[PDB]
Every structure is written in structure tokens, then in C-alpha cells.
>>> print(open('entry_39.cif').read())   # mmCIF, C-alpha atoms and all ligand atoms
data_entry
#
loop_
_atom_site.label_atom_id
_atom_site.label_comp_id
_atom_site.auth_asym_id
_atom_site.auth_seq_id
_atom_site.Cartn_x
_atom_site.Cartn_y
_atom_site.Cartn_z
CA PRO J 1 -159.00 124.16 -16.85
CA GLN J 2 -158.52 123.44 -20.56
CA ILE J 3 -155.01 123.28 -22.01
CA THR J 4 -154.60 123.59 -25.79
CA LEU J 5 -151.65 121.97 -27.48
CA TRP J 6 -150.46 124.88 -29.60
CA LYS J 7 -147.51 124.88 -27.16
CA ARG J 8 -146.05 122.27 -24.83
CA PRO J 9 -148.49 121.53 -21.97
CA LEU J 10 -146.16 122.71 -19.20
CA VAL J 11 -147.54 123.26 -15.74
CA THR J 12 -146.08 124.05 -12.35
CA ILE J 13 -145.59 121.11 -10.01
CA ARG J 14 -144.41 120.94 -6.41
CA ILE J 15 -142.47 118.13 -4.85
CA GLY J 16 -141.30 119.06 -1.35
CA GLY J 17 -139.55 122.42 -1.40
CA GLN J 18 -138.96 122.22 -5.14
CA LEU J 19 -141.18 123.91 -7.68
CA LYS J 20 -140.61 122.78 -11.23
CA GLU J 21 -142.23 122.95 -14.62
CA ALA J 22 -143.49 119.63 -16.05
CA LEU J 23 -145.25 118.25 -19.14
CA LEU J 24 -148.72 116.81 -18.80
CA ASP J 25 -147.83 113.83 -20.94
CA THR J 26 -150.50 111.37 -22.14
CA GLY J 27 -147.76 109.37 -23.93
CA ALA J 28 -145.95 108.61 -20.64
CA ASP J 29 -147.12 105.57 -18.64
CA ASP J 30 -145.03 106.76 -15.69
CA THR J 31 -143.98 110.06 -14.14
CA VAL J 32 -140.31 110.83 -14.79
CA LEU J 33 -138.60 113.73 -13.02
CA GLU J 34 -135.18 115.28 -13.59
CA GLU J 35 -132.38 114.29 -11.20
CA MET J 36 -133.15 115.12 -7.57
CA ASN J 37 -132.18 113.63 -4.20
CA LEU J 38 -135.52 112.49 -2.75
CA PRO J 39 -135.70 110.81 0.64
CA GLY J 40 -136.63 107.16 1.12
CA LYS J 41 -136.30 103.72 -0.43
CA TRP J 42 -136.14 103.30 -4.20
CA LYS J 43 -135.47 100.59 -6.79
CA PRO J 44 -133.57 100.82 -10.09
CA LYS J 45 -135.44 100.67 -13.38
CA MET J 46 -134.87 101.18 -17.10
CA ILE J 47 -137.35 103.11 -19.23
CA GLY J 48 -137.35 103.41 -22.99
CA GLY J 49 -138.34 106.09 -25.46
CA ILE J 50 -137.04 107.73 -28.61
CA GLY J 51 -133.27 107.13 -28.77
CA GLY J 52 -133.19 104.21 -26.31
CA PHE J 53 -133.26 103.76 -22.58
CA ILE J 54 -132.32 105.67 -19.43
CA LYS J 55 -131.67 104.36 -15.93
CA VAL J 56 -134.03 105.76 -13.31
CA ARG J 57 -134.75 105.42 -9.59
CA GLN J 58 -138.30 104.45 -8.68
CA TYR J 59 -139.70 106.07 -5.50
CA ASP J 60 -143.16 105.07 -4.27
CA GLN J 61 -145.92 107.10 -2.60
CA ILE J 62 -144.41 110.52 -3.24
CA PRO J 63 -146.83 113.44 -2.90
CA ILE J 64 -146.78 115.93 -5.79
CA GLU J 65 -148.99 119.02 -6.24
CA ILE J 66 -149.88 119.67 -9.90
CA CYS J 67 -151.49 123.07 -10.55
CA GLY J 68 -152.77 122.96 -6.96
CA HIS J 69 -154.27 119.48 -7.46
CA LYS J 70 -153.00 116.87 -4.97
CA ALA J 71 -151.44 113.66 -6.23
CA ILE J 72 -149.47 110.83 -4.67
CA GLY J 73 -147.78 107.92 -6.38
CA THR J 74 -144.73 106.43 -8.02
CA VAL J 75 -142.13 108.84 -9.40
CA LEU J 76 -139.13 107.83 -11.54
CA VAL J 77 -136.05 110.01 -11.08
CA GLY J 78 -133.31 110.13 -13.65
CA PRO J 79 -131.45 111.97 -16.39
CA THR J 80 -134.44 113.31 -18.36
CA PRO J 81 -134.23 116.77 -20.00
CA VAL J 82 -137.81 117.51 -18.97
CA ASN J 83 -140.05 116.72 -16.02
CA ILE J 84 -142.81 114.40 -17.25
CA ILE J 85 -146.16 113.91 -15.53
CA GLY J 86 -147.38 110.54 -16.72
CA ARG J 87 -150.72 108.79 -16.67
CA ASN J 88 -150.28 107.35 -13.15
CA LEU J 89 -150.70 110.93 -11.80
CA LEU J 90 -152.71 112.52 -14.63
CA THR J 91 -155.68 110.34 -13.64
CA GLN J 92 -155.42 111.45 -10.00
CA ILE J 93 -155.86 115.11 -10.98
CA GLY J 94 -158.81 114.34 -13.27
CA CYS J 95 -157.03 114.92 -16.59
CA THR J 96 -158.70 113.75 -19.82
CA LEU J 97 -158.04 114.17 -23.55
CA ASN J 98 -160.91 115.70 -25.51
CA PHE J 99 -161.66 116.31 -29.18
CA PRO E 1 -164.64 111.78 -27.88
CA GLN E 2 -163.45 112.09 -24.28
CA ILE E 3 -160.50 109.82 -23.46
CA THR E 4 -159.50 108.92 -19.89
CA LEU E 5 -155.95 107.94 -18.99
CA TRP E 6 -156.18 104.76 -16.91
CA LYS E 7 -155.14 103.00 -20.14
CA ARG E 8 -152.77 104.17 -22.90
CA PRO E 9 -154.64 106.49 -25.31
CA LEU E 10 -154.08 104.27 -28.34
CA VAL E 11 -156.27 104.99 -31.34
CA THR E 12 -156.65 103.65 -34.83
CA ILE E 13 -155.30 105.91 -37.56
CA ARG E 14 -155.66 105.65 -41.33
CA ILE E 15 -152.68 106.63 -43.48
CA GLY E 16 -152.20 105.68 -47.16
CA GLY E 17 -155.15 103.26 -46.90
CA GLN E 18 -153.40 101.44 -44.04
CA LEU E 19 -154.74 101.13 -40.50
CA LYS E 20 -152.28 101.44 -37.61
CA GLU E 21 -152.54 101.96 -33.86
CA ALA E 22 -150.94 105.13 -32.53
CA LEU E 23 -150.51 106.75 -29.15
CA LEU E 24 -151.97 110.19 -28.54
CA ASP E 25 -148.91 111.82 -27.06
CA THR E 26 -149.24 115.36 -25.63
CA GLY E 27 -145.56 115.22 -24.56
CA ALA E 28 -144.45 114.88 -28.20
CA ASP E 29 -143.97 118.02 -30.32
CA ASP E 30 -143.94 115.87 -33.46
CA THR E 31 -145.78 112.87 -34.92
CA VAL E 32 -143.37 109.97 -35.35
CA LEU E 33 -144.34 106.66 -36.95
CA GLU E 34 -142.45 103.37 -37.08
CA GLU E 35 -140.71 102.36 -40.32
CA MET E 36 -143.10 102.42 -43.27
CA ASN E 37 -143.19 103.42 -46.94
CA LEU E 38 -144.78 106.75 -47.80
CA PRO E 39 -144.81 108.28 -51.26
CA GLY E 40 -143.18 111.53 -52.34
CA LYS E 41 -140.13 113.50 -51.35
CA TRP E 42 -138.73 113.34 -47.85
CA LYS E 43 -135.89 115.08 -46.02
CA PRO E 44 -133.40 113.51 -43.61
CA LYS E 45 -133.87 114.87 -40.10
CA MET E 46 -132.63 114.11 -36.62
CA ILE E 47 -134.80 114.28 -33.52
CA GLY E 48 -134.19 113.83 -29.78
CA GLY E 49 -136.00 111.79 -27.14
CA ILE E 50 -135.51 110.54 -23.60
CA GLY E 51 -132.82 108.09 -24.72
CA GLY E 52 -130.85 110.17 -27.20
CA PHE E 53 -131.17 111.21 -30.81
CA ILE E 54 -132.35 109.28 -33.86
CA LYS E 55 -132.48 109.73 -37.61
CA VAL E 56 -135.89 110.03 -39.22
CA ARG E 57 -137.38 110.76 -42.65
CA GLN E 58 -139.59 113.86 -42.77
CA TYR E 59 -142.66 113.71 -45.01
CA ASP E 60 -144.72 116.87 -45.36
CA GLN E 61 -148.44 117.31 -46.06
CA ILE E 62 -149.49 113.73 -45.34
CA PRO E 63 -153.19 113.03 -44.70
CA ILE E 64 -153.93 111.01 -41.56
CA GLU E 65 -157.39 110.29 -40.21
CA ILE E 66 -157.15 109.95 -36.44
CA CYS E 67 -160.18 108.41 -34.77
CA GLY E 68 -162.31 109.79 -37.66
CA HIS E 69 -160.79 113.30 -37.58
CA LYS E 70 -158.85 114.52 -40.60
CA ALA E 71 -155.35 115.94 -40.40
CA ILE E 72 -152.82 116.87 -43.08
CA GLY E 73 -149.30 117.55 -41.88
CA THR E 74 -145.75 116.49 -41.15
CA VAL E 75 -145.04 112.86 -40.38
CA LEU E 76 -141.59 111.69 -39.28
CA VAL E 77 -140.74 108.05 -39.96
CA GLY E 78 -138.03 106.25 -37.99
CA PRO E 79 -137.09 104.06 -34.99
CA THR E 80 -139.64 105.35 -32.48
CA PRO E 81 -140.59 102.66 -29.92
CA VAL E 82 -144.27 103.12 -30.86
CA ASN E 83 -146.34 105.15 -33.31
CA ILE E 84 -146.99 108.52 -31.69
CA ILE E 85 -149.34 111.32 -32.63
CA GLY E 86 -147.73 114.55 -31.50
CA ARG E 87 -148.94 118.11 -31.01
CA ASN E 88 -148.50 119.08 -34.69
CA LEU E 89 -151.49 116.82 -35.53
CA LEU E 90 -153.28 116.83 -32.16
CA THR E 91 -153.93 120.57 -32.68
CA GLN E 92 -155.39 119.88 -36.13
CA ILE E 93 -157.97 117.45 -34.75
CA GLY E 94 -158.89 119.89 -31.93
CA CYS E 95 -157.45 117.83 -29.08
CA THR E 96 -157.11 119.47 -25.65
CA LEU E 97 -156.22 118.40 -22.12
CA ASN E 98 -158.91 118.99 -19.51
CA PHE E 99 -159.06 118.69 -15.73
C1 LIG J 101 -142.07 108.33 -26.90
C2 LIG J 101 -143.17 107.97 -25.89
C3 LIG J 101 -143.84 106.65 -26.26
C4 LIG J 101 -142.67 107.89 -24.44
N1 LIG J 101 -142.05 109.18 -24.02
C5 LIG J 101 -143.05 110.22 -23.70
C6 LIG J 101 -143.08 111.28 -24.80
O1 LIG J 101 -144.25 112.10 -24.61
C7 LIG J 101 -141.76 112.06 -24.81
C8 LIG J 101 -141.63 113.06 -23.65
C9 LIG J 101 -140.31 113.80 -23.76
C10 LIG J 101 -140.28 115.14 -24.17
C11 LIG J 101 -139.08 115.81 -24.29
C12 LIG J 101 -137.88 115.18 -24.01
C13 LIG J 101 -137.89 113.85 -23.61
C14 LIG J 101 -139.10 113.16 -23.49
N2 LIG J 101 -141.54 112.90 -25.99
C15 LIG J 101 -140.63 112.62 -26.93
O2 LIG J 101 -139.94 111.61 -26.98
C16 LIG J 101 -140.41 113.66 -27.99
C17 LIG J 101 -139.01 114.25 -27.71
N3 LIG J 101 -139.22 115.68 -27.87
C18 LIG J 101 -138.12 116.57 -27.91
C19 LIG J 101 -138.18 117.77 -28.62
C20 LIG J 101 -137.09 118.64 -28.66
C21 LIG J 101 -135.91 118.31 -28.01
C22 LIG J 101 -135.82 117.12 -27.29
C23 LIG J 101 -134.54 116.75 -26.57
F1 LIG J 101 -133.56 117.53 -26.95
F2 LIG J 101 -134.65 116.91 -25.27
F3 LIG J 101 -134.21 115.50 -26.84
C24 LIG J 101 -136.92 116.25 -27.26
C25 LIG J 101 -140.51 115.98 -28.01
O3 LIG J 101 -141.05 117.05 -28.19
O4 LIG J 101 -141.32 114.78 -27.95
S1 LIG J 101 -140.89 108.99 -22.90
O5 LIG J 101 -140.52 110.28 -22.42
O6 LIG J 101 -139.80 108.32 -23.58
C26 LIG J 101 -141.42 108.08 -21.66
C27 LIG J 101 -142.07 108.68 -20.58
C28 LIG J 101 -142.57 107.92 -19.50
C29 LIG J 101 -142.40 106.55 -19.54
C30 LIG J 101 -141.77 105.94 -20.59
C31 LIG J 101 -141.27 106.68 -21.67
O7 LIG J 101 -141.74 104.59 -20.38
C32 LIG J 101 -142.43 104.31 -19.15
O8 LIG J 101 -142.80 105.61 -18.63
#
>>> encode(input="entry_39.cif", output="C-alpha cells")
Amino acid sequence: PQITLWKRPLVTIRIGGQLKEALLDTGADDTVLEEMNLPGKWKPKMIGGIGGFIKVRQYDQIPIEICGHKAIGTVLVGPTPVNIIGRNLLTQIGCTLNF
Amino acid sequence: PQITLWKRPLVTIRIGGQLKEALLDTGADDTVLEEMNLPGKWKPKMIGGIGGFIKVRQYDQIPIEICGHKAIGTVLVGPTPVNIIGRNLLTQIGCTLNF
């Protein structure tokens, strides 16, 4: 599909038994999801944006479905106000910017 | 052009006769540039991000040429970690997400 940017590019994602709305975000290197208790090993990380840094937990090889498109990769979990699908997963679902 | 997302979508912009690199950022409502001088009246504003809130200066009706495409709109200037082109200008240049 084609998503215009008149409004925030929110789409439905699935991670386990959780459906959530998330931004397709070309400005995000990494995928950052709001606080959730995922299974498995993780490592602590800091990520920076407007206003400074937040502490996140990095989980590897997590499957996520994004508008029915399958993805699997690193997801950062932490105190973000919005679920952010970053470039690591945007590429896996074939997402490009066009103008 | 079509822009893939295996690398950051950084582009050259022209503003006030100056060339800068900026990130095409579909997760950003607003265009926010690092500290710079722009002419004319501005208004103090505060905006939020992943790390908290910052103070910015809001300049209206500023021409920016983004990758050869002309925009005229609101530019916020302040302590963003990198120059970002947000949806307010991405829409002007006809940018969409496609997968
Ligand atoms: C500023 C960019 C260079 C980076 N950000 C991505 C931007 O697209 C963010 C996404 C975002 C959107 C909403 C809340 C928080 C983050 N966008 C922005 O910073 C601004 C913030 N923002 C906003 C608007 C209204 C309210 C608010 C809030 F109240 F939540 F702060 C934020 C908005 O529209 O764009 S980022 O989210 O900070 C980010 C994401 C992934 C990363 C990373 C940094 O480092 C490694 O991996």
C-alpha cells in the first residue's frame, strides 16, 4: 500500500498476543516498543532523541507482524509514549520513501 | 526519487543559501533543525520527544529546498539531536511511504 503523511503513519502490529498501533518511522534506526514483559534474554541500552535519552531493553530475534507482513529482528523495549517501527524492520516489510 | 531504508534517509537541504544534511523523518510531526540563525519573527515554543521536552524557536513560512523539491513552512530551531524533516514539510514535497 501507499501511506500519505497528512497524518501520523500508524499501523497495526502484532507481537505475540498483543496487538498495538505503531509508527512507521524512517527517522528511527531501531524499533522501540512501549513497556512490555517479553520472554527471553535482553541487554540494557540507552537511546537518544529530542529531550535526551531513555533506558531500554534490547531483545533479539523477536517476530513482529506489521500490517500482515512478517518481520523478525531486534526490538528495544522501554518508556516510549509511542510504539516505533524503525528501519531495521521497515526494510524487512519492503517499505520505501517516495517523492 | 525512491529511497530505501538500509541506510538513514539523510538528504541535502537548502535553507537561507546554506546547505545542511537532514533526516527524512516520518515519525516526526514537525521539522526541527539544530541551532541556526534565521531572519524574521519567531515565537518561543516547547515540543516533546522520546527523552522529554525542549524549548525551540518557531519560524513560519520558511523556504526549504529538500532534495530539489520546494517547501515553504514552519521550521522549529532548537536542541534536536539531528536535523529532521517532519511531516509538515514531507507532505509539501509529496513524500509517501510505500510497501
Ligand atoms: C528524533 C529522531 C532523530 C529519532 N526519534 C525518531 C522520531 O521519528 C521521533 C519518534 C517519536 C514520536 C513521538 C514520540 C516520541 C518519539 N519523533 C519525535 O521525536 C517527534 C516527537 N513528536 C511528538 C509530538 C507530540 C507529542 C510528543 C510527546 F508528547 F510524546 F512527547 C512527541 C513527534 O511528532 O515527532 S526517536 O524516537 O528519538 C528514536 C527512535 C529510534 C531510535 C533512536 C531514536 O535512536 C536509535 O533508535
>>> closest_residue(input="entry_39.cif", among="J:10, J:95, J:5, J:75", to="residue 60 in chain J", atoms="only C-alpha atoms")
J:75
>>> closest_atom_pairs(input="entry_39.cif", of="chain J", to="ligand LIG 101 (chain J)", cutoff="10 Å", atoms="all atoms listed in the file", output="JSON lines")
{"residue": "J:8", "atom": "CA", "partner": "J:LIG101", "partner_atom": "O3", "distance": 8.0}
{"residue": "J:22", "atom": "CA", "partner": "J:LIG101", "partner_atom": "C10", "distance": 9.8}
{"residue": "J:23", "atom": "CA", "partner": "J:LIG101", "partner_atom": "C10", "distance": 7.7}
{"residue": "J:24", "atom": "CA", "partner": "J:LIG101", "partner_atom": "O1", "distance": 8.7}
{"residue": "J:25", "atom": "CA", "partner": "J:LIG101", "partner_atom": "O1", "distance": 5.4}
{"residue": "J:26", "atom": "CA", "partner": "J:LIG101", "partner_atom": "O1", "distance": 6.8}
{"residue": "J:27", "atom": "CA", "partner": "J:LIG101", "partner_atom": "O1", "distance": 4.5}
{"residue": "J:28", "atom": "CA", "partner": "J:LIG101", "partner_atom": "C28", "distance": 3.6}
{"residue": "J:29", "atom": "CA", "partner": "J:LIG101", "partner_atom": "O8", "distance": 4.3}
{"residue": "J:30", "atom": "CA", "partner": "J:LIG101", "partner_atom": "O8", "distance": 3.9}
{"residue": "J:31", "atom": "CA", "partner": "J:LIG101", "partner_atom": "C28", "distance": 5.9}
{"residue": "J:32", "atom": "CA", "partner": "J:LIG101", "partner_atom": "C28", "distance": 6.0}
{"residue": "J:33", "atom": "CA", "partner": "J:LIG101", "partner_atom": "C28", "distance": 9.6}
{"residue": "J:45", "atom": "CA", "partner": "J:LIG101", "partner_atom": "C32", "distance": 9.8}
{"residue": "J:46", "atom": "CA", "partner": "J:LIG101", "partner_atom": "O7", "distance": 8.3}
{"residue": "J:47", "atom": "CA", "partner": "J:LIG101", "partner_atom": "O7", "distance": 4.8}
{"residue": "J:48", "atom": "CA", "partner": "J:LIG101", "partner_atom": "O7", "distance": 5.2}
{"residue": "J:49", "atom": "CA", "partner": "J:LIG101", "partner_atom": "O6", "distance": 3.3}
{"residue": "J:50", "atom": "CA", "partner": "J:LIG101", "partner_atom": "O2", "distance": 5.1}
{"residue": "J:51", "atom": "CA", "partner": "J:LIG101", "partner_atom": "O2", "distance": 8.2}
{"residue": "J:52", "atom": "CA", "partner": "J:LIG101", "partner_atom": "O6", "distance": 8.2}
{"residue": "J:53", "atom": "CA", "partner": "J:LIG101", "partner_atom": "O6", "distance": 8.0}
{"residue": "J:54", "atom": "CA", "partner": "J:LIG101", "partner_atom": "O6", "distance": 9.0}
{"residue": "J:75", "atom": "CA", "partner": "J:LIG101", "partner_atom": "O8", "distance": 9.8}
{"residue": "J:76", "atom": "CA", "partner": "J:LIG101", "partner_atom": "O8", "distance": 8.3}
{"residue": "J:79", "atom": "CA", "partner": "J:LIG101", "partner_atom": "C13", "distance": 9.9}
{"residue": "J:80", "atom": "CA", "partner": "J:LIG101", "partner_atom": "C13", "distance": 6.3}
{"residue": "J:81", "atom": "CA", "partner": "J:LIG101", "partner_atom": "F2", "distance": 5.3}
{"residue": "J:82", "atom": "CA", "partner": "J:LIG101", "partner_atom": "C12", "distance": 5.6}
{"residue": "J:83", "atom": "CA", "partner": "J:LIG101", "partner_atom": "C9", "distance": 8.3}
{"residue": "J:84", "atom": "CA", "partner": "J:LIG101", "partner_atom": "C8", "distance": 6.6}
{"residue": "J:85", "atom": "CA", "partner": "J:LIG101", "partner_atom": "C28", "distance": 8.0}
{"residue": "J:86", "atom": "CA", "partner": "J:LIG101", "partner_atom": "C28", "distance": 6.1}
{"residue": "J:87", "atom": "CA", "partner": "J:LIG101", "partner_atom": "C28", "distance": 8.7}
{"residue": "J:88", "atom": "CA", "partner": "J:LIG101", "partner_atom": "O8", "distance": 9.4}
>>> closest_residue(input="entry_39.cif", among="E:62, E:78, E:56, E:20", to="residue 39 in chain E", atoms="all atoms listed in the file")
E:62
>>> atom_distance(input="entry_39.cif", atom1="CA of residue 70 in chain J", atom2="CA of residue 98 in chain J")
22.0 Å
>>> atom_distance(input="entry_39.cif", atom1="CA of residue 58 in chain E", atom2="CA of residue 16 in chain E")
15.7 Å
>>> atom_distance(input="entry_39.cif", atom1="CA of residue 71 in chain J", atom2="CA of residue 13 in chain J")
10.2 Å
>>> closest_residue(input="entry_39.cif", among="J:66, J:38, J:19, J:72", to="chain E", atoms="all atoms listed in the file")
J:66
>>> closest_residue(input="entry_39.cif", among="E:17, E:40, E:9, E:1", to="residue 65 in chain E", atoms="only C-alpha atoms")
E:17
